[PDB]
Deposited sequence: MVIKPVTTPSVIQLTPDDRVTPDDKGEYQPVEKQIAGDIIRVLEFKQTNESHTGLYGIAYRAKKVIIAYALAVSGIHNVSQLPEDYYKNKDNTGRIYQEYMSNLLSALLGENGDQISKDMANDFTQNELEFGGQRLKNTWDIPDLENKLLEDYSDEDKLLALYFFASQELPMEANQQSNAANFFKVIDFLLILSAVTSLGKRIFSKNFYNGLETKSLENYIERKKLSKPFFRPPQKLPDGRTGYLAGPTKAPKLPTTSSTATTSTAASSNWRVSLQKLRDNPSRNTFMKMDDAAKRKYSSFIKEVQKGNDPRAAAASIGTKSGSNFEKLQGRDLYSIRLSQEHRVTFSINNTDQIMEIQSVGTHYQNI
């Protein structure tokens, strides 16, 4: 929604990032934005709403952090996830302009954006900027239990964001990379700035399309489901956006059905709720038709 010098939610996010030992530049501030919003949607707007030892207790804070991140994942998967993602991306971009050394007539070193002044940034450009910077310094190949799970919550967020918004269509197409200068691509791959699963630079390619729910939010009734149906849908979107085939229903655990229609399928999430989708086999796109109670 909104966040309340720097906002208290970002100061708290800074304490959380430190005590969970993520590692203080723009990749850190991008993650600070994300965790600030996870706090916001969880109703944390004062330090007095946290345990007094939140800044010093890795084990306790890791637990509440993961709860907060899951609340944010649900918000992204809900009716308003697209605008929420754009709000967060704009929050990030605005704060690099006012509290950072960046001008309106200035560029960032981002793939598919190196020649674009910041004033001309569309909402999707801001999504790409938040995505790109947040993804850096972030271990997909983590090490220790509980630690790893903390870093993985940021993976989930970014991937879902790419699925809930139009961003995943941009970054997971081939023209995103072959449309760059070869020198640009070179330093991007060499400095590991295009790590997987965040990017798919040359050397499967499935992705999720939630366009039908952006154009018609009444098709998304994700919020009416129980937590277990929500977590199954979250995992389903996550797996396909990592590039795996839509038969990721295998994350009685699998309920893959085929409905009446050209390549129209469904997965039961609960006895009342389901997710409905089509499968474009040639373009490697799974298009969500509804989530929640069934559309009429």
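Mapping the modelled residues onto the deposited sequence reveals missing stretches at 1-4, 9-27, 47-55, 236-268, 317-321, 367-368.
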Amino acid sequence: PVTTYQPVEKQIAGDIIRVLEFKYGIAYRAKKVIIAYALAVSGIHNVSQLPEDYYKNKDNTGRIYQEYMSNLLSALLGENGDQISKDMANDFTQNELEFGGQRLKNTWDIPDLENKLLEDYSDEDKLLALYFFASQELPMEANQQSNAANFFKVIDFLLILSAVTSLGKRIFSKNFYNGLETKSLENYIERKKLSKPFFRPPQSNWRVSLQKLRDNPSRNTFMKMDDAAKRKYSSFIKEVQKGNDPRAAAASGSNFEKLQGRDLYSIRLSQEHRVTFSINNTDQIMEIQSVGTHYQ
From here on, numbers count along this sequence of modelled residues.
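The question of which stretch, 138-146 or 69-77, has the higher mean Cα B factor is settled in favour of 138-146. The deposited model assigns a higher average Cα B-factor to 269-277 than to the other stretch when 10-18 and 269-277 are compared.
If you compare the C-alpha temperature factors of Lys230, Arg247, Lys32, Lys238 in the entry, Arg247 comes out highest. Of the candidates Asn216, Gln83, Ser166, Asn205, it is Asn205 whose Cα B-factor is highest according to the PDB record. For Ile26, the recorded CA temperature factor ranks within the middle third of the chain's modelled residues. Looking at the C-alpha B-factors along this chain, the one for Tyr121 belongs to the middle third. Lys58: CA B factor lies in the middle third for its chain, per the PDB record. In this PDB entry, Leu104 carries a Cα temperature factor that places it within the highest third of its chain's modelled residues. Compared with the other modelled residues of the chain, the Cα B-factor recorded for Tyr177 ranks in the highest third.
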